[PDB]
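Structure first, then comments.
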Amino acid sequence: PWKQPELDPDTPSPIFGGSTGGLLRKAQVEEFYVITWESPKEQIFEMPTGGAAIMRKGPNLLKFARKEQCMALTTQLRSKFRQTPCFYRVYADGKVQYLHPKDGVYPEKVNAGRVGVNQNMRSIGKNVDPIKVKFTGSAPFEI
Amino acid sequence: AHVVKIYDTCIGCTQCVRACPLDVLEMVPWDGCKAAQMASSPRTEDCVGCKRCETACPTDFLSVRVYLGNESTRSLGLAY
Amino acid sequence: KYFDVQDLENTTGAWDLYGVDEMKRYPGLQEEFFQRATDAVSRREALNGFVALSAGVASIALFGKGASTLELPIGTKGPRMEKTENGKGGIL
Amino acid sequence: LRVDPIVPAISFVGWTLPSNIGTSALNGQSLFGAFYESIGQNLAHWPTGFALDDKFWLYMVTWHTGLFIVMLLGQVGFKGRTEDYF
Amino acid sequence: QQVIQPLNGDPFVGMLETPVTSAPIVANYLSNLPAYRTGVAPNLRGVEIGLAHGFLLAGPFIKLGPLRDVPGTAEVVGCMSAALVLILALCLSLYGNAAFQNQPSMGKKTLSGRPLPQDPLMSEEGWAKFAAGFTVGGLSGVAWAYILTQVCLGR
Amino acid sequence: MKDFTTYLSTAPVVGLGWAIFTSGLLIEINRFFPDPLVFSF
Amino acid sequence: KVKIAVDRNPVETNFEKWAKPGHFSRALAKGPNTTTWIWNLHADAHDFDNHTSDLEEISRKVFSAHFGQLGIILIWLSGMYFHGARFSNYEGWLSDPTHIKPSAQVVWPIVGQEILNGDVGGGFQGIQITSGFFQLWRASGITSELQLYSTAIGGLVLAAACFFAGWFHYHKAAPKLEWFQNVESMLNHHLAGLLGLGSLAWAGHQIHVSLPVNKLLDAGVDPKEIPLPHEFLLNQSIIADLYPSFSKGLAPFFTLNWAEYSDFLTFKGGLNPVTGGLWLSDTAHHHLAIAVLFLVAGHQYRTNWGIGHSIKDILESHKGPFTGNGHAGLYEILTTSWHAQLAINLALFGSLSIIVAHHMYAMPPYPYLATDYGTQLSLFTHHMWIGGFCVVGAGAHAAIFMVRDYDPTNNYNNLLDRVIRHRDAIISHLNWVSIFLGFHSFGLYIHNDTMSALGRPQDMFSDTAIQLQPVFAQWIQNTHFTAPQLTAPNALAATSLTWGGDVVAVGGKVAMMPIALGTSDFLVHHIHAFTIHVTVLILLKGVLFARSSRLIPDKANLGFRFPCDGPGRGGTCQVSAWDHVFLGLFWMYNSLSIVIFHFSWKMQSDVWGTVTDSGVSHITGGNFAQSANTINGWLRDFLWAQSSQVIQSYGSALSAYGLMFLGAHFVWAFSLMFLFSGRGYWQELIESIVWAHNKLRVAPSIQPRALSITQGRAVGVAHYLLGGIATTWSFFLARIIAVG
Ligand code: CLA
Ligand code: CLA
Ligand code: CLA
Ligand code: CLA
Ligand code: CLA
Ligand code: CLA
Ligand code: CLA
Ligand SMILES: CCCCCCCCCCCCCCCC(=O)OC[C@H](COP(=O)(O)OC[C@@H](O)CO)OC(=O)CCCCCCCCCCCCCCC
Ligand SMILES: CC1=C(C/C=C(\C)CCC[C@H](C)CCC[C@H](C)CCCC(C)C)C(=O)c2ccccc2C1=O
Ligand SMILES: CCCCCCCCCCCCCCCCCC=O
Ligand code: SF4
Ligand code: SF4
């Protein structure tokens, strides 16, 4: 956002019984993600790993293994309870990385504060043929 | 990972950014369409390849393309 | 409190739920008997060489298959054999 | 956790279930006593006890079902008294 | 008042403490077993594991086999078990020379789980040490099964 | 009445008018005229 | 509180909606732009949940659809009665049940087709039927064809009444949701009224009209000289002559001297030696007991008079220490969702059909049914297939409920939440059990194959060599045989002759002979257990992972019936719950085919045959124990040794079975085209054909697209199941009709 909110521990995690689908040996050997949000009341949400958990009042923090799980929980909280979550990626060493939203507004807005990347000023269909890009290691779209 | 490309025939409807389930695409400002915004893809390393953006693309042909390539732990969707 | 950044060696699942540490299991000098016994094969190349030389046992073992009297080398039986196979011809 | 509720008084059912098994004298003389006399000839490592021995296997299985179901109900009813489970 | 709950107060992990694992009889028994012992030397661990396996890999091989009906040959049919434990020792050494590669050392994560050190069995030389102990133990266990099966008395 | 006659123009007009007509025509031809292997020339 | 909430005149009765074909869904109202609209119109015609979210409207729609189904079944039943009344030889078969074959269908002589009208005997020629309708019409007294004619007319009248009831309850008097949610009242009336009063009325029919079959028809009396059923009902002397207890006249029933009705309420453990079926007096006493049991069972729940129970209270009063809450919102789940009830009902319905299949061949209940091997094998096989299809449907609707009507708010720590919480442990254990059963149940067959091929027959799993005997089933068989001497003193003999020692035979042919068990029975039983575990694995995985998996965390929002989730994560094809049902259907077919094969070969080699003075000779050479241990034994002594009748069936009366045999093979081979190929290939090929039509200006107005991804899978599985089932059908029917 206006400043990357640094992820901090000692946050009240939601009450949940022990699940079975989550945090394997990769969540420790390689990397894992963590989502934090703010809840205005006490409700019961559905975790993307099994049953349902409740929403503890105040801050909330959950940890997952894949970025898709955190993104799924993010869109569920944004379309069913009207919240504003944010998740990070914790590496093996302990390097926290801000992930969503990077610009901090939302990824579907403009904000005029980001430069476009991976764009082709030509239209699809104007790409050259496979024969032209031979032994060049590159591809028509990459060119 | 996979290589995503956005062509100039984009209309800026912001549907691919809404259909992406891994926050790969974004909307940057542009000066070549009526909406004055074009999609981009900064988090290409997080592309998984489900091709939901191509289904969300309304123009013919698709302005966004997902060319599959090498696979990593993130692009293979592995949780272990 | 459910997640910590620095002491991540205890919050993600890095545990040993079945292991105890002790320097005693076997009785005195019994271990010494097995130490000297297992010293020769202690290395990787040593054990691979042991089983590689012990692999020739199958070759030698097949030669001494006489005691086994396996159907293979005992005979094929001259009296009864399928040299009358088919009805169109005596042999073919 | 690590303290699964067991009372030494739970043996009261497995020990008070047998009297109740000796009651019926209408057929043979008793389900349990018949189980004891029929198993009595199959205790010194005898080959007998084949499928033809209707008095050993059947009485064993029936008597065991009665004993296990009453031990189960006894533990539920005894330990259920403190957990507000009448 | 349930006998099932999460481990260490954090439920987002896959391992959910169930009665089977929670059980003290199961907890202490698994810890007593020769593989989970970390302080004991690897050679020693390999010999105990190899003794039990070399002994159990004989019986089902000597009763059911190509020469299970020939009286004296049936006792001699237990040699295969020796060939089996030999193949087992070879593949165990093959796994040790490739699991803990020289490039990959500790592989990260010190592991807390109550004040105690990383097992040296996971080292490069530790797996070879274990492979040795398993080889001597399996060969010795097969030989004991064959010696004991002829002087077992009224077997 | 207009709705019933327009309902009768969807699937019955093609699956029960033509099918019944063609099947009945071929069957009555093979019934009055027995089994035809040539032009009877 | 339980009242009759009706809402009169909610939907008009016109043909305006019949004009527009797509009107139930808001997506098909735009019309057909592409050919996929037609297939969407047919696939969404009954998905009432997709029509609206109104539970009252959905409940009204399913209530009228039930009446439509009842009218269809009644029309089919009336057609069978009318065919048996006019185009059959029931009167000729009634005087000679051991020599004339049943037939209730005559074909018209158009192109050839006279050959099908086979000489079934009795001065009649037609298609030989294997439905058992003649044996059923024998069991409840029916002598002439006038009664069958009257039954057909009465059933047609009832069918018209059911169709009128459906129209009435959906357009003129539709009920309300508060009326549909009275599960206690519905259970009370279904247990007390439907089942209980049905058993009581059928017991009364067996007590009065089933009298010729139990006393005059079996005594050799000509069916014409037998008195009409109303004479036995009115005249008490004519019924007192047959059974003397009828002379008492309702006095022992009300004076509690039931011991006087011991002549027509017998408890005989066995079969009738003159007919082969169960005793009619035993079946009557059976129905009388069942009626009393259900009548006392229908008074459990409380409706409007205080006394009774509350299903919500019974469920909420069951909380244990290993299941957390348990049964918390099960009443809310089972009273607001139709898919949950449909899954439970379909599971129990399919399992009940399988029970019916086993008990019918075990204890034959109709006269001259055990000596009709064609109808015996046919009825067993048919009931088995219907049961398997229903269980796969139960596995489908459970996933449909879990995807649509599963709210994670009313289920916090109940059984459903705990089950969805440890789904990984459940699926992994079922996976291991499946693999273990496969190795230990199929490796024995492959091991016997290799041992027989290598010239070592003494090293195979057989009765002569190293054996495996099913001692538990042998002990249960022995227990059931010696059971009427100690644990059933009032029973005359064992409830069945499957484990007995007395072979019964009617007309020279064996009716019910004792069944022995050996090593091959152990091997085939483990084969059955293995295939059942794989089918339950595929279905249970689909149900437990239909909501959200660890690979695809947003599988709930994707729907129930979807193609895949793109080529990401290496590929996610058939990850939907619907795809698991498609895979399951395949495994159910593979399981039930082995079940019916085991039945047919075991019966033909160990029970059926013909008895003579010098022993009993079976249908086959009694090679079930010496040829079932190897895979080559099945392909050689079952499919190749049998089916020779189906093969040589040309020019005979059963010539349609060879045509059905070859035709079924083509349909199965046609399924592979839809099952292996994709969709892009067909779409590009269709594009080339569209160019050819555009060159001649014959381009269809509705642009011609290829089938959907799920449509191709659906078409392929439908063609596959049709081809395989029809192949086994033609083979079974031709073999047992030409041999038995
Ligand atoms: C002639 C009297 C009549 C008339 C004019 C209508 C008219 C109407 N009905 Mg209605 N209905 C009737 C009788 C009638 N119904 C009866 C007897 C029943 C009880 C079954 C119902 C139950 C009923 C329900 C539940 C619903 C309607 C609905 C409707 C409306 C639109 C549906 C439609 O297009 O029909 C469909 C036209 C057809 C021609 C359907 C024929 C299907 C037949 C019965 C199947 C035959 C089986 C087949 C032969 C098997 C072979 C297949 C093979 C593969 C095995 C419409 C205004 C719907 C509605 O109100 O919209 C919300 C609604 O949901 N009706
Ligand atoms: C489940 C399938 C199956 C089974 C049960 C068997 C069984 C057998 N086969 Mg065999 N076989 C099979 C498939 C199978 N086969 C197939 C598919 C082929 C074709 C490729 C063959 C080809 C074949 C040949 C050529 C021969 C056999 C032979 C044999 C016999 C001795 C073989 C042997 O080495 O002993 C068994 C050795 C073992 C190591 C068994 C281990 C037992 C495990 C450990 C279970 C016991 C522990 C268990 C996990 C309990 C848990 C304890 C708990 C505390 C954890 C034996 C009875 C030989 C024979 O002559 O037959 C008499 C022989 O020559 N088979
Ligand atoms: C026995 C199985 C079977 C059958 C019948 C077919 C049949 C066909 N394939 Mg095919 N195929 C099969 C297996 C089969 N395939 C398998 C296993 C594969 C590998 C996956 C393929 C892969 C394949 C490819 C890639 C292609 C074909 C193509 C074709 C069509 C070729 C055109 C032709 O020959 O004229 C017609 C031949 C027929 C046999 C017509 C069958 C219809 C008859 C007349 C019955 C009509 C039904 C009758 C009127 C009753 C209807 C009522 C009923 C609905 C109740 C044809 C319909 C090619 C194609 O599309 O052609 C343009 C093509 O591209 N096939
Ligand atoms: C003792 C009274 C009684 C009886 C005999 C029945 C009988 C039946 N009910 Mg019903 N039910 C009752 C009371 C009763 N119900 C009450 C009080 C309620 C309110 C809680 C319900 C609510 C209810 C629902 C929601 C449904 C049924 C259904 C059914 C049918 C199940 C079809 C079947 O499985 O095979 C058995 C088939 C037969 C025995 C054929 C007999 C056909 C005749 C015509 C049935 C006549 C019985 C009828 C209830 C008489 C009173 C109506 C009168 C005004 C004419 C069956 C005929 C299902 C259905 O609608 O199917 C159409 C269903 O969906 N019932
Ligand atoms: C559940 C079915 C059922 C039915 C329908 C019957 C029916 C009958 N049984 Mg019975 N029975 C049954 C089961 C059944 N039984 C069972 C399960 C057993 C035990 C196994 C018995 C054992 C048994 C014995 C031992 C005897 C009978 C007998 C009878 C007959 C006379 C009984 C009688 O007079 O009672 C009373 C009848 C009534 C009270 C009449 C009903 C009232 C009428 C219908 C009211 C209509 C009036 C209306 C308002 C106005 C008229 C309309 C007009 C103006 C047009 C009768 C036809 C006797 C017999 O054999 O008959 C020869 C007899 O001896 N039964
Ligand atoms: C009590 C029985 C029952 C009931 C009421 C339902 C009801 C329903 N099912 Mg279902 N199901 C059942 C049993 C049942 N099912 C069984 C036994 C199976 C296992 C096979 C399934 C498997 C199943 C699946 C996989 C699906 C459903 C779905 C549905 C829903 C919509 C279906 C539809 O749109 O109809 C449409 C009507 C048709 C498609 C006509 C059927 C045509 C068949 C396939 C041809 C069969 C050929 C015939 C036997 C022989 C013809 C020969 C030829 C020569 C003419 C609906 C609520 C669908 C859903 O989305 O749920 C929400 C879904 O996809 N069911
Ligand atoms: C003949 C073809 C075939 C075969 C052999 C299999 C085999 C298998 N299927 Mg399968 N399947 C098939 C066709 C086949 N399928 C088709 C056509 C479909 C489409 C409907 C499916 C759909 C399907 C599904 C959806 C699933 C399976 C599953 C399985 C596995 C279950 C394992 C088990 O419990 O039994 C035992 C396994 C075997 C007996 C394999 C044979 C091994 C023999 C004994 C060889 C023994 C080893 C040998 C001696 C060593 C060789 C030495 C060599 C290396 C030198 C199994 C390995 C299930 C699964 O994944 O497992 C949980 C699963 O869910 N199948
Ligand atoms: C013959 C059938 C198959 C044989 C082997 C079956 C074992 C495979 C599955 C076991 C999974 C264990 C997880 C239990 C999950 C579990 O613990 O649930 C909890 C349950 C106790 O729960 P509560 O008392 O808290 O439940 C009370 C309330 O929930 C009431 O609704 O414990 C049991 O199930 C005891 C039965 C153990 C297993 C008995 C096998 C049941 C099969 C049918 C009966 C067989 C009896 C012997 C006949 C031969
Ligand atoms: C062949 C095929 C197609 C093409 C399917 C088509 C074109 C459907 C054909 C439907 C026909 C037109 C229905 C009518 C059939 C005959 C015309 C009936 C004969 C009647 C005569 C008497 C006139 C797919 O779209 C497909 C999709 C996904 C997986 C596999 C496949 C697949 O295998
Ligand atoms: C479908 C509409 C008609 C529904 C009513 C059918 C009435 C049929 C009544 C029985 C008719 C039998 C006629 C038999 C004539 C030949 C008699 C010889 O067996
Ligand atoms: S393929 Fe999937 S993950 Fe990749 S950009 Fe498109 S929607 Fe996002
Ligand atoms: S969906 Fe297509 S047209 Fe719309 S913003 Fe994305 S790339 Fe541009």
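Starting from 1 in every chain, residues are counted up; chains themselves are A, B, ... following the order of the structure tokens, and ligands are numbered from 1 as listed.
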TODO: Using only C-alpha atoms and all ligand atoms, determine which residues fall within 10 Å of ligand 7, then list them as a ChimeraX atom specification.
DONE: /G:427-447,527,530-531,533-539,541,579-590,675,717
Output for the residues just chosen: N, CA and C atoms as a short mmCIF file (atom, residue, chain, number, x, y, z; two decimals), in the first residue's frame:
data_model
loop_
_atom_site.label_atom_id
_atom_site.label_comp_id
_atom_site.auth_asym_id
_atom_site.auth_seq_id
_atom_site.Cartn_x
_atom_site.Cartn_y
_atom_site.Cartn_z
N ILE G 427 -8.74 -41.52 2.16
CA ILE G 427 -8.41 -41.91 0.79
C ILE G 427 -7.10 -42.70 0.72
N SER G 428 -6.10 -42.33 1.52
CA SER G 428 -4.84 -43.06 1.50
C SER G 428 -5.01 -44.49 2.01
N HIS G 429 -5.84 -44.69 3.04
CA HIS G 429 -6.05 -46.04 3.54
C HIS G 429 -6.84 -46.89 2.57
N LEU G 430 -7.85 -46.29 1.93
CA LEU G 430 -8.64 -47.03 0.95
C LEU G 430 -7.78 -47.39 -0.25
N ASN G 431 -6.81 -46.53 -0.57
CA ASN G 431 -5.88 -46.77 -1.66
C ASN G 431 -5.01 -47.98 -1.36
N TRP G 432 -4.46 -48.05 -0.14
CA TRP G 432 -3.61 -49.18 0.24
C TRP G 432 -4.39 -50.49 0.24
N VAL G 433 -5.61 -50.48 0.81
CA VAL G 433 -6.44 -51.69 0.86
C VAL G 433 -6.75 -52.18 -0.54
N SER G 434 -7.02 -51.24 -1.44
CA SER G 434 -7.30 -51.57 -2.83
C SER G 434 -6.11 -52.27 -3.48
N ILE G 435 -4.91 -51.70 -3.34
CA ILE G 435 -3.69 -52.29 -3.92
C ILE G 435 -3.38 -53.67 -3.33
N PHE G 436 -3.54 -53.82 -2.01
CA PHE G 436 -3.28 -55.10 -1.36
C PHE G 436 -4.23 -56.18 -1.86
N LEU G 437 -5.51 -55.85 -1.98
CA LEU G 437 -6.49 -56.81 -2.48
C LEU G 437 -6.21 -57.18 -3.92
N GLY G 438 -5.76 -56.21 -4.72
CA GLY G 438 -5.46 -56.48 -6.11
C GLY G 438 -4.31 -57.44 -6.28
N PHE G 439 -3.23 -57.21 -5.53
CA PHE G 439 -2.08 -58.11 -5.60
C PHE G 439 -2.44 -59.50 -5.10
N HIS G 440 -3.00 -59.59 -3.90
CA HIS G 440 -3.34 -60.88 -3.32
C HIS G 440 -4.53 -61.58 -3.94
N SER G 441 -5.27 -60.93 -4.81
CA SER G 441 -6.41 -61.59 -5.40
C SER G 441 -6.24 -61.83 -6.88
N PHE G 442 -5.32 -61.14 -7.54
CA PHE G 442 -5.08 -61.33 -8.95
C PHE G 442 -3.75 -61.99 -9.21
N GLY G 443 -2.77 -61.80 -8.32
CA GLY G 443 -1.49 -62.45 -8.48
C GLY G 443 -1.61 -63.94 -8.30
N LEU G 444 -2.64 -64.39 -7.57
CA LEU G 444 -2.85 -65.82 -7.41
C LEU G 444 -3.31 -66.42 -8.73
N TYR G 445 -4.14 -65.69 -9.47
CA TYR G 445 -4.59 -66.15 -10.78
C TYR G 445 -3.44 -66.15 -11.77
N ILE G 446 -2.64 -65.09 -11.77
CA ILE G 446 -1.49 -65.01 -12.67
C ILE G 446 -0.44 -66.04 -12.28
N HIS G 447 -0.32 -66.32 -10.98
CA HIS G 447 0.63 -67.31 -10.50
C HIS G 447 0.21 -68.70 -10.93
N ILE G 527 -11.72 -61.80 -5.44
CA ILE G 527 -11.80 -60.97 -6.64
C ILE G 527 -12.95 -59.99 -6.52
N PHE G 530 -12.11 -57.21 -4.03
CA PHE G 530 -11.16 -56.26 -4.62
C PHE G 530 -11.86 -55.27 -5.54
N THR G 531 -12.71 -55.75 -6.45
CA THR G 531 -13.38 -54.82 -7.37
C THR G 531 -14.35 -53.90 -6.64
N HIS G 533 -13.89 -52.74 -3.64
CA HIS G 533 -13.07 -51.72 -3.00
C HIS G 533 -12.57 -50.68 -3.99
N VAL G 534 -12.28 -51.06 -5.24
CA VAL G 534 -11.84 -50.04 -6.19
C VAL G 534 -12.99 -49.10 -6.55
N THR G 535 -14.19 -49.66 -6.73
CA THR G 535 -15.34 -48.82 -7.06
C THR G 535 -15.67 -47.86 -5.93
N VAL G 536 -15.60 -48.34 -4.69
CA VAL G 536 -15.87 -47.45 -3.56
C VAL G 536 -14.75 -46.43 -3.41
N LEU G 537 -13.52 -46.76 -3.85
CA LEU G 537 -12.42 -45.81 -3.77
C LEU G 537 -12.65 -44.63 -4.71
N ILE G 538 -12.99 -44.93 -5.96
CA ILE G 538 -13.21 -43.87 -6.99
C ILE G 538 -14.38 -42.97 -6.57
N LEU G 539 -15.49 -43.57 -6.14
CA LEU G 539 -16.70 -42.80 -5.74
C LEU G 539 -16.44 -41.97 -4.48
N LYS G 541 -13.61 -40.96 -3.25
CA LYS G 541 -12.59 -39.91 -3.52
C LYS G 541 -13.31 -38.72 -4.16
N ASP G 579 -16.66 -36.25 -13.19
CA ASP G 579 -15.67 -37.13 -13.88
C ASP G 579 -15.40 -38.38 -13.04
N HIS G 580 -15.37 -38.25 -11.71
CA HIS G 580 -15.15 -39.42 -10.81
C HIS G 580 -16.29 -40.42 -11.00
N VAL G 581 -17.52 -39.92 -11.13
CA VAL G 581 -18.72 -40.79 -11.35
C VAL G 581 -18.54 -41.51 -12.69
N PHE G 582 -18.04 -40.80 -13.71
CA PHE G 582 -17.81 -41.38 -15.05
C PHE G 582 -16.78 -42.51 -14.93
N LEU G 583 -15.70 -42.27 -14.18
CA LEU G 583 -14.67 -43.32 -13.95
C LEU G 583 -15.28 -44.46 -13.14
N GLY G 584 -16.10 -44.12 -12.14
CA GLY G 584 -16.76 -45.12 -11.28
C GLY G 584 -17.65 -46.05 -12.08
N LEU G 585 -18.47 -45.49 -12.97
CA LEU G 585 -19.37 -46.28 -13.82
C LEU G 585 -18.60 -47.38 -14.51
N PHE G 586 -17.40 -47.04 -14.99
CA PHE G 586 -16.54 -48.03 -15.65
C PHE G 586 -16.16 -49.16 -14.69
N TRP G 587 -15.76 -48.81 -13.47
CA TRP G 587 -15.37 -49.86 -12.52
C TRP G 587 -16.54 -50.68 -12.02
N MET G 588 -17.74 -50.09 -11.96
CA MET G 588 -18.91 -50.85 -11.55
C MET G 588 -19.23 -51.90 -12.60
N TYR G 589 -19.06 -51.54 -13.87
CA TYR G 589 -19.28 -52.49 -14.95
C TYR G 589 -18.28 -53.64 -14.85
N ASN G 590 -17.01 -53.31 -14.59
CA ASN G 590 -15.98 -54.33 -14.47
C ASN G 590 -16.21 -55.24 -13.26
N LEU G 675 -14.31 -42.14 -26.67
CA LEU G 675 -13.55 -42.15 -25.43
C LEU G 675 -12.07 -41.85 -25.55
N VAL G 717 -19.12 -43.25 -22.34
CA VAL G 717 -19.45 -44.18 -21.27
C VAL G 717 -20.82 -44.82 -21.50
#
Open item on the list: Using only C-alpha atoms and all ligand atoms, which residues have at least one atom no more than 8 Å from ligand 4? Output them as a ChimeraX atom specification.
Closed with: /G:62-70,158,161-162,179-190,192-195,197-198
Task: 10 Å shell around ligand 2 using only C-alpha atoms and all ligand atoms, listed as an NGL selection string - done: (:E and (53 or 56-69 or 80-81 or 84)) or (:G and (436-451 or 454 or 456 or 458-461 or 465-466))
Write the residues you've just listed into a file as a PDB file, in the first residue's frame, and include C-alpha atoms for each of them.
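Okay, result-v1.pdb is ready:
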ATOM      1  CA  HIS E  53      15.029 -58.795   8.977  1.00  0.00           C
ATOM      2  CA  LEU E  56      12.195 -63.093   9.146  1.00  0.00           C
ATOM      3  CA  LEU E  57      13.197 -63.252   5.466  1.00  0.00           C
ATOM      4  CA  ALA E  58      13.933 -67.001   5.698  1.00  0.00           C
ATOM      5  CA  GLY E  59      10.784 -68.819   6.907  1.00  0.00           C
ATOM      6  CA  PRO E  60       8.369 -67.656   4.199  1.00  0.00           C
ATOM      7  CA  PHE E  61      11.152 -68.494   1.713  1.00  0.00           C
ATOM      8  CA  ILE E  62      11.931 -72.015   3.098  1.00  0.00           C
ATOM      9  CA  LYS E  63       8.277 -73.081   3.442  1.00  0.00           C
ATOM     10  CA  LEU E  64       7.091 -71.862   0.055  1.00  0.00           C
ATOM     11  CA  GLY E  65       9.569 -72.398  -2.727  1.00  0.00           C
ATOM     12  CA  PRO E  66      10.961 -74.623  -6.038  1.00  0.00           C
ATOM     13  CA  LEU E  67      12.442 -77.140  -3.521  1.00  0.00           C
ATOM     14  CA  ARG E  68      10.039 -76.849  -0.552  1.00  0.00           C
ATOM     15  CA  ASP E  69       9.173 -80.568  -0.753  1.00  0.00           C
ATOM     16  CA  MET E  80      17.957 -67.410  -1.276  1.00  0.00           C
ATOM     17  CA  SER E  81      17.070 -65.237   1.791  1.00  0.00           C
ATOM     18  CA  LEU E  84      17.679 -61.371  -0.934  1.00  0.00           C
TER      19      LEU E  84
ATOM     20  CA  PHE G 436      -3.283 -55.104  -1.358  1.00  0.00           C
ATOM     21  CA  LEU G 437      -6.494 -56.809  -2.478  1.00  0.00           C
ATOM     22  CA  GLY G 438      -5.460 -56.484  -6.113  1.00  0.00           C
ATOM     23  CA  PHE G 439      -2.078 -58.109  -5.603  1.00  0.00           C
ATOM     24  CA  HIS G 440      -3.339 -60.880  -3.321  1.00  0.00           C
ATOM     25  CA  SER G 441      -6.405 -61.586  -5.398  1.00  0.00           C
ATOM     26  CA  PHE G 442      -5.085 -61.330  -8.948  1.00  0.00           C
ATOM     27  CA  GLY G 443      -1.494 -62.449  -8.483  1.00  0.00           C
ATOM     28  CA  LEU G 444      -2.853 -65.823  -7.412  1.00  0.00           C
ATOM     29  CA  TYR G 445      -4.591 -66.152 -10.776  1.00  0.00           C
ATOM     30  CA  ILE G 446      -1.490 -65.011 -12.671  1.00  0.00           C
ATOM     31  CA  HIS G 447       0.625 -67.314 -10.496  1.00  0.00           C
ATOM     32  CA  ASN G 448      -1.578 -70.297 -11.329  1.00  0.00           C
ATOM     33  CA  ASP G 449      -1.349 -69.287 -14.997  1.00  0.00           C
ATOM     34  CA  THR G 450       2.456 -69.238 -14.943  1.00  0.00           C
ATOM     35  CA  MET G 451       2.623 -72.455 -12.903  1.00  0.00           C
ATOM     36  CA  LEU G 454       5.697 -73.884 -16.976  1.00  0.00           C
ATOM     37  CA  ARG G 456       4.418 -77.353 -12.665  1.00  0.00           C
ATOM     38  CA  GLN G 458       1.781 -79.033  -8.086  1.00  0.00           C
ATOM     39  CA  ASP G 459       2.879 -75.455  -7.313  1.00  0.00           C
ATOM     40  CA  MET G 460      -0.432 -73.687  -7.985  1.00  0.00           C
ATOM     41  CA  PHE G 461      -3.251 -72.482  -5.735  1.00  0.00           C
ATOM     42  CA  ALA G 465      -1.891 -78.624  -4.779  1.00  0.00           C
ATOM     43  CA  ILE G 466      -1.386 -75.836  -2.182  1.00  0.00           C
TER      44      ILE G 466
END
TODO: Give the residues close to ligand 1, within 6 Å, counting only C-alpha atoms and all ligand atoms; write them as a ChimeraX atom specification.
DONE: /G:11,13-15,17-18,61,64-65,67-68,163-164,166-167,170
I'd like a table as a Markdown table: residues in chain G with an atom no more than 9 Å from chain A, each row giving the shortest atom pair and its distance in Å to one decimal, only C-alpha atoms counted, sorted by chain and rising residue number.
| residue | atom | partner | partner_atom | distance |
| --- | --- | --- | --- | --- |
| G:408 | CA | A:52 | CA | 5.8 |
| G:409 | CA | A:44 | CA | 6.1 |
| G:411 | CA | A:52 | CA | 7.7 |
| G:412 | CA | A:52 | CA | 6.1 |
| G:413 | CA | A:17 | CA | 8.2 |
| G:416 | CA | A:51 | CA | 8.6 |
| G:417 | CA | A:51 | CA | 5.2 |
| G:418 | CA | A:51 | CA | 7.2 |
| G:419 | CA | A:51 | CA | 8.6 |
| G:420 | CA | A:50 | CA | 5.7 |
| G:421 | CA | A:50 | CA | 4.8 |
| G:422 | CA | A:20 | CA | 5.4 |
| G:423 | CA | A:20 | CA | 7.4 |
| G:424 | CA | A:20 | CA | 6.4 |
| G:425 | CA | A:20 | CA | 7.6 |
| G:547 | CA | A:50 | CA | 8.8 |
| G:548 | CA | A:48 | CA | 6.4 |
| G:549 | CA | A:49 | CA | 7.1 |
| G:550 | CA | A:49 | CA | 6.5 |
| G:551 | CA | A:68 | CA | 9.0 |
| G:552 | CA | A:68 | CA | 8.1 |
| G:553 | CA | A:48 | CA | 5.6 |
| G:554 | CA | A:72 | CA | 6.3 |
